[PDB]
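# Commentary on secondary and tertiary structure
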Amino acid sequence: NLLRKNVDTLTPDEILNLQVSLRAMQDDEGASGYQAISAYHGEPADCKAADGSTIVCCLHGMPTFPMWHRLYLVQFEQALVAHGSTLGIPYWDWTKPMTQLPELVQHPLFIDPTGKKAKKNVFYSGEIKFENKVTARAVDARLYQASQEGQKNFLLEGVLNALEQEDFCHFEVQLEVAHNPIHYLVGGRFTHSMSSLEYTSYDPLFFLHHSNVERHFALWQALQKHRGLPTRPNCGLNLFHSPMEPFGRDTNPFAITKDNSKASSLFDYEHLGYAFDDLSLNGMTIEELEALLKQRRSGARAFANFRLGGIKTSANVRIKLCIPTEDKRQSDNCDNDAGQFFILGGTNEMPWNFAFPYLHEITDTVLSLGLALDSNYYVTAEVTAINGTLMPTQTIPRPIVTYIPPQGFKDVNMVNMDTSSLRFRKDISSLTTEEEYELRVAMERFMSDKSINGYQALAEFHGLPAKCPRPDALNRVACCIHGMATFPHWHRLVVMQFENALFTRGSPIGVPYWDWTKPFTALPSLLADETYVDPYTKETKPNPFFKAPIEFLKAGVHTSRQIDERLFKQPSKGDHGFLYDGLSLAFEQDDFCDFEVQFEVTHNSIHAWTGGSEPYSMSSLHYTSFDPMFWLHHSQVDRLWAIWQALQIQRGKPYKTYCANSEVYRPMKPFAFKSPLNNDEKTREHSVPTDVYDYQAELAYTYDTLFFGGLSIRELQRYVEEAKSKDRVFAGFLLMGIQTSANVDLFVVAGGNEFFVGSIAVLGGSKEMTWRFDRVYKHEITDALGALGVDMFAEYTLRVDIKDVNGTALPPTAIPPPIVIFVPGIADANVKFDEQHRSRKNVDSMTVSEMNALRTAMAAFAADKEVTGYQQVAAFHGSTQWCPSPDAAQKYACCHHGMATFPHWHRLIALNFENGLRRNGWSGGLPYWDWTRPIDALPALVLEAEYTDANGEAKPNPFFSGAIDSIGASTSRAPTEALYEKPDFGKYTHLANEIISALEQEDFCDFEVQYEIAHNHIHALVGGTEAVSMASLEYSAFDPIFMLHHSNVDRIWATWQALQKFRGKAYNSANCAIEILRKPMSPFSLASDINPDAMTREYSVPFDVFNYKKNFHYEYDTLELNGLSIXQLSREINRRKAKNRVXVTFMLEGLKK
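Residues numbered from 1 in each chain as written, not as in the entry; some residues may be left out. Part of a larger assembly, values for the part shown. Heavy atoms only, no water. Residues with missing side-chain atoms left out of burial classes, pairs and counts.

In terms of determination method and resolution, the entry is listed under cryo-EM at 5.1 Å.

Right, here's the structure in full:
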C-alpha cells in the first residue's frame, strides 16, 4: 500500500520527500519523466478516435472518465515512487472551504529546514516543456468561500449531490460535472492553465485534485457497498475492453498499468497499490453521510436539467431562475440566480455527450422566492466561455425544471363514469362498413375542399409551412414537438383537431386507430384501397385515405406512401413484433420521461417504415402530416399513452409530466395562436397541456378497449412485472436530432463476426425544430447476447450503420455512439390479485398461440369424465335426477329455464366452464364471439376438424363438434344452415335488431323474454338437421361452441345491466318474478360433490349472480353491440322509440320439438 494523505496534514519530512522526488522526475527526459507522462493527458494530441484527425488522448464525458483518471493517478504515482516518494500523491480536500491554494503550491522557492538556499519549486508549476513556457494559474474568486453564509459551498454541494445517486451513470455525470469547477476556477483566464484540458495535466495541482476526485469515487463505491447496491459500472461497456492510450502502449514504463490498461479491470482499486488515509469528507461517518443523503432525498425537490456535450471549450454556465411574463413586454423576472456549474473542454477534444441529464438542485431558491415547486417557472443559462467571452444561448440545449413529488403521491382523479356521450375511437378493424363509408364521407368533405377551416390547414399545422415560433419572420421551423416530454401532448391535441373537423362534417365516430402492435401482414383496407364505391350511386370515387394533395406547393404533388419496408413480418425482431417489443419496454417504466423516450422513438419506426424512401411520405417530418394515415396512426399513439396512463393509476404512481415540468407551461406551438392561425376553440383552450392529461373530462373522447396485446391493464401489469424480474441488458441511443430523417442499423460484434439485433428510426426534417432528448433510448440487446452465446460482461463492441431515408450514406458520427446498460430485476408485488381476475374477448380476434393454449386446456377438461371435468357441467344440461330429490320420480330435465331466471343460471354455467378451463392450464378468461355482428364462417377455433400445433399435430380437436356425451356414447355433430348474411347497407340485420329490442324495455322480465328467445337463434342455427347438435337442449351444452355462445349471451346480459345503470333503473336486482329469483339453482346448489366451483356453490341464488363485477371477478373485452357503445346504444333505442310503430306478440309455451 502506497499512502495518499491529506495535503494540509503533511509532515515537513513527507513534504521534503515529495519535493525532492517530484524534482527528480522533473529532470527526467525518459518515459518516467514529467513531460512524457503529462503528455498522456492533453496536447500534443497523439490518440486518434472514431475515424477522426489527431485528438486528445484523455477520455472525458464518457462513463470511462473515472477509470482512466484513477489509472492516470496510478501511473503518475508509480512514476513518482520510481524516485522516492515514500508517499502516494496526496489529495487536497476542496470541499473544505478555502482561503488560498494549498500552501505547498502557494509560492515557488520552497524552503528546506537545512537551508542552504532554494528553491525549486516543483509543486508551484510544472513545465510545459514543448511549446514553452510554463503556465501559472489565474485563480477565480469563487474558489474561496464559506464567508458569511452565501456563497454556500457549491463544490461540496456538487460532490454531495453526486454521492447521492445510486446509479453509476448518474453518479458519473454528476461527479465529472462536480470535478470541473476546480479545473476552471484554478485555471482561470490564462489559456495554458488547469482551465483548459489541453494543459491541465501539466500542473501538479491536477494530480493533487484528481487524487481527491478519486477519493470521491472510492467513497461512493464504499457507500454503495452499504448496503445492497452494485459497485460495478453498468454503463458503456464497449469502451472497457480496449487499451486506454498510452497505458496499453508498448512504451508504458510500468507493467502494473499496462496489465490494467483495460477499463474493465479498474472497477476496484485494491490491486493498484495505493490507499487513502480516510476518504470521508468533512468529518462525516459513512452512516452520517448516507443518513444525510437519504434524508436529503425525502420531500419534494426541483432540478435544473441540462443536456451537456463537447463545445470545444471550457465554460461557466450560470443558472438564472425565471418567473414568466404575462404581457407582451419582456418583463420575465430573471433577476435571481438559482445556480452554477462548469464544463471542461478544448480544441481537438474527444466528441462527447452525457447519456443522462445533468441535474443541478434548485429546490432551495425556488422555496426562497415563495413559489411552489409544482407551480410554473423556468430556468435560463448564461454561458461564459473561459475566454471571458459571453456566449450565445444556442451553444447549449435549454435548461428544464425537473420536479420530484413527495412519494408516494396520487395525482388528481378522473371524472366519474360517463355522461352522456363521448367520441368513441375504435380499432379500424372494428368498424362496420357503414362506419367506414361515413367517416370516408366526413374525411372526403373536410379534405375536399380547401379552406382555413379545411383539411390542408390542419395538415399544415404539424410541419413545413414552418410557422414557428410565428410565421414571421427571419428563421422559421416546424411546429410539432419532438425529442421532448411534451410530444404526446402536442399530437394528442392535433388528433382532437382532426376529430372535431370530422365530427362537424357529419361522422358519428371519433378518430379510429390501427394497432400496429398486433402483428399485421398488410395495411388496413381503409387506407390501402385506391378507390371505393358509393353504396348509393355505385360510383367509384377516390378513397380519401389513400392519398392527400400537398397544396402549399404548386405542382402535381400528392402524398406518396408508396414504399413500406423492413417491417412487415421479419427480421425485426420478434417475440411478437418489433413495435410490440419497443412499446412493451415503454409501458414498463414508472417515470414519465423514461416512458416517453421509448414511446416516441418506438413510434418513429412506423413513420420511417410506412413512409419509405418517398420524400413526400411519412418519412419526412415536413410532409408526414399531409398523408391521411398520420391521423389514424396517432390516434393509436394517443391511445398508447392512454393505456400507459391507466397503468400508472393502477400502479399508484403519478401520471403527469413532472420529469419536465417547465415545458408543460410552454404554449403548444401552432395551437396557442389567435383566431386566424387557429380556429379551434377547444384545442386552443388546451394549448397549455396541463389539463390535457384527463382522458375524457376536458377533451370528451375515449377508446373502445385499453387492452394492449391481448392483455388487460392488470394483465399488462403482470406482464411488465414478469419482464422486469429478468436480468436484462440494453443498447442506449442519445438521439440528438440530426437535420434529416434517418434509419440506423444496430450490430453486436463478438469475435470476428457481427449480429443484427435491430433497427431504429430517427424522424426529422430540413427545417425541423431543434430537438434533443434528456435521457437515452434503451433497445433490448439481451436476446441477441443470449443467441450470441456471449455473456453480459463479455467483450463485444457495437456497430451502427446510419443511412438517410433518401438512401445516401450517413457517417456513423451523425449520432453519438450507443452504450451498453445492465438492469437486474426484482419485485415483491406480486403478491397480487391476478388469480381472481378474468378478461373475455372475441375468439375472432385471438392469436394462434392463444388459440393453441385454449385448445390444450379443453382437451384436458374433456378427459375427466365425472365430477370435475366438462362432461359434468355440460350434463347440468343433461337430465340426471337432480330435479327435486331424494323423492324425484318421473321429472325432469334439470336446466333452469321457465324462463325468468335463464340469464342467471346460464351465467353460472359459463362460469363453471370457465373455472374448469382455467383450472386445467389456462391464464385467460372464457372468450365469446359477436353474432350480433354478421358472420361469414364459424370462429377459427371451431371450424376445422384438425389443427396444427406448434410442432404439428393430429386432430384432438377438441373444440370441434366431436365432443362426446358417453351417455349415449356418440359425438355431438354440428351442421350449418344456409345463412346468415343478407344485410344491405342498413340496418343491423337479424340478431342485432332483436337484441336491441330486448335492450329497450325497463323491466327485467320483459327484457328477458326477447333476450333469451333471441339467444335461441344460434342454438337452432348451428343446430342443423342432425338432432345430436345444439338444436335440442338435451345435447346442446356438449358442443364447446355453447361456451362461446353463452359467453356472448352473458355479455349482452351484462351490457343491458350497464344500460340500466346509465338509465337510472335497477340493474343488479329485479322486482319481477321474485319467487324463482329466491330459489337456488338446481345443479349449482346441490352439494360440494356434484359440482367443482366453490363460488357457484356459494352464489346459487339468482339475486347473488346479478353482480358479476364484484362476485365473479370478470370483465368483458367490451360491452359494445354491433359497434355501438352503451351511450350510443341508449341514443339509438331512444331513436327507435321515438318513431310510431306497430308490434306483434306471441304467447310461447314449451314444446319438446
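## Description of the overall build of the protein
Counting its secondary structure elements, the protein contains 31 helices and 25 strands. Long-range contacts, defined as pairs at least 24 residues apart, comprise 64% of the intrachain contacts of the protein with a sequence gap of at least 6. (Helix = DSSP H or I, 4+ residues; strand = E, 2+ residues; numbered from the N terminus. Contact = heavy atoms within 4.5 Å.)

## Description of helix α9 (residues 286-297)
The terminal C-alpha atoms of α9 lie 16 Å apart, and with 12 residues this matches the ideal 16 Å at 1.5 Å per residue to within 8%. Of the residues trailing α9, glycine 299 is marked for its positive phi of about 110°. (Expected span 1.5 Å × (residues − 1).)

## Quick word on unusual backbone geometry
Residues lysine 119 and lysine 120 are joined by a peptide bond in cis, for which omega reads -5°. Position of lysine 120 among the secondary structure elements: in the loop between α4 (103-106) and α5 (154-162). Note that the residue after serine 448, namely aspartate 449, is joined by a cis bond; omega there is 10°. Looking at the secondary structure, you find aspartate 449 in the loop between α11 (433-447) and α12 (455-462). Phi at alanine 50 takes a positive value of approximately 50°, unusual for a residue other than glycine.

## Side note on the sheet that holds strand β8 (residues 337-343)
If you trace the 4 strands from one edge of the open sheet to the other, you get β8-β7-β10-β11, paired in antiparallel fashion. Because the sheet does not close on itself, it has two edges, and the strands there are β8 and β11 (390-391). (Pairing = 2+ DSSP bridges.)

## Looking at the packing of helix α15 (residues 578-588) against helix α16 (residues 592-611)
Packing of α15 against α16 brings their axes to within 8 Å, and their N-to-C directions diverge by 165°. The orientation of α15 with respect to α16, classified from their angle, is roughly antiparallel. Seen along the crossing, α15 lies across α16 with a hand that is left-handed. Listed contacts from α16 to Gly582, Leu583 and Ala586 of α15 are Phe595, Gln598, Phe599 and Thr602. Class assignment for the residues of the contact of α15 with α16 results in 4 nonpolar, 3 polar and no charged. (Axes fitted to C-alpha atoms, helices over the stretch in contact; angles between N-to-C directions. Parallel < 35°, antiparallel > 145°, perpendicular 65-115°, else oblique. Left-handed = near helix turned anticlockwise from the far one by under 90°. Nonpolar A, V, L, I, M, F, W, Y, C, P; charged D, E, K, R; others polar.)

## Description of the sheet that holds strand β4 (residues 88-91)
Across the sheet, which stays open at both edges, the 3 strands sit in the order β4-β1-β5 with parallel pairing between neighbours. Edge positions in the sheet fall to β4 and β5 (274-276), since each of these pairs with one other strand and no more. Put simply, the sheet's adjacent strands are angled 25° from each other on average, direction ignored. Of the pairings in the sheet, the one linking strand β1 (residues 2-6) to β4 comprises 2 bridges and is parallel in character. Bridge pairing links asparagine 6 to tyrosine 91 in β4.

## Things to note about the packing of α5 against helix α6 (residues 168-187)
The contact between α5 and α6 brings their axes to 8 Å, and the two run at 165°. Considered as vectors, α5 and α6 are oriented roughly antiparallel to each other. Viewed along their axes, α5 and α6 form a crossing whose handedness is left-handed. Where α5 abuts α6, its residues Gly158, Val159 and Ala162 lie against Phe171, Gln174, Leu175 and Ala178. Partitioned by chemical class, the residues of the contact of α5 with α6 number 5 nonpolar, 2 polar and no charged.

## Considering the environment of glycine 732
Along the chain, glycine 732 turns up in strand β17 (residues 728-733). Taking the C-alpha atoms as reference, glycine 732 lies 27 Å from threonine 347; in sequence the two are 385 residues apart. Apart from residues lying up to four places away in sequence, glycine 732 is in contact with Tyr777, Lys778, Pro818 and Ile819.

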